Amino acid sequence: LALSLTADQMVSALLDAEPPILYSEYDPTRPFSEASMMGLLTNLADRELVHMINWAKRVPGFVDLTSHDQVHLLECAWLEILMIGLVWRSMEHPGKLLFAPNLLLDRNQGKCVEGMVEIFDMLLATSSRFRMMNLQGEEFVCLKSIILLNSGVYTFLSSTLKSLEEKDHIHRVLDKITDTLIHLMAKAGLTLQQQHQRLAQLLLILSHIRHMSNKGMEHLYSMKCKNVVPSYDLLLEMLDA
């Protein structure tokens, strides 16, 4: 039934599915150490993950997939989804990252963790780009849903008829979200030329969000913090429950 939705109903579904804004652990000892900041950020990420699974299950077409394919997509996207949410939260705070309403950090505090100021700088540049483009909430939700469906679709094993069907379904849903993004842009008064230029501008930022995730993963490993990454089993458990 997901591919029978209209553009306006897809928009409505995605806005209704949005997860809550969570708070960081209240009153930590400030200033931070590297260990304590990572501790606060890990704790917040672990709690956001549960709500991300709930959101994902309400993205039209996601639960049509096998549980295995749902986990693979989440495995592939989760850090990108957390990151774009952060960028969105931070749009109205130039020069700062709004990790939580009670955890607003500027660049110089990313220094307290080794290697994170580079990633801080990349996240701040993405928030500046979103601000420059006047990204709209309805566009953000579509972009976040694209990330979920797209990031892992190309690394499916995907060699049987069923898998061809799964990948085909994902690409049809992704076409529907493109239709939706274009509809939102037409309704706002953009010419056809402006519509296609803005769609491309938004999808190309996704490549930078990928980059940021890859570099973030690198450092969640460089700091010997691989047990911070949600396992296949954990993700599967959250999906079934």
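In case it trips you up, residue 1 is the first one in the sequence shown, and so on.
Modelled in this chain, residue 160 is nonetheless unresolved in at least one third of the other entries of the protein that span it on both sides. Modelled in this chain, residue 30 is nonetheless absent from a third or more of the other compared entries whose models extend past it on both sides. The stretch with the higher mean CA B factor, choosing between 158-166 and 97-105, is 158-166. Mean CA temperature factor is higher for 119-127 when stretches 74-82 and 119-127 are set side by side in the entry.
Across 216, 31, 60, 39, the greatest Cα temperature factor reported in the deposited entry is at 31.
Compared with the other modelled residues of the chain, the Cα B-factor recorded for residue 112 ranks in the highest third. In the PDB entry, residue 187 places in the highest third of its chain by CA B-factor. Among all modelled residues in its chain, residue 27 ranks in the highest third by Cα B-factor.
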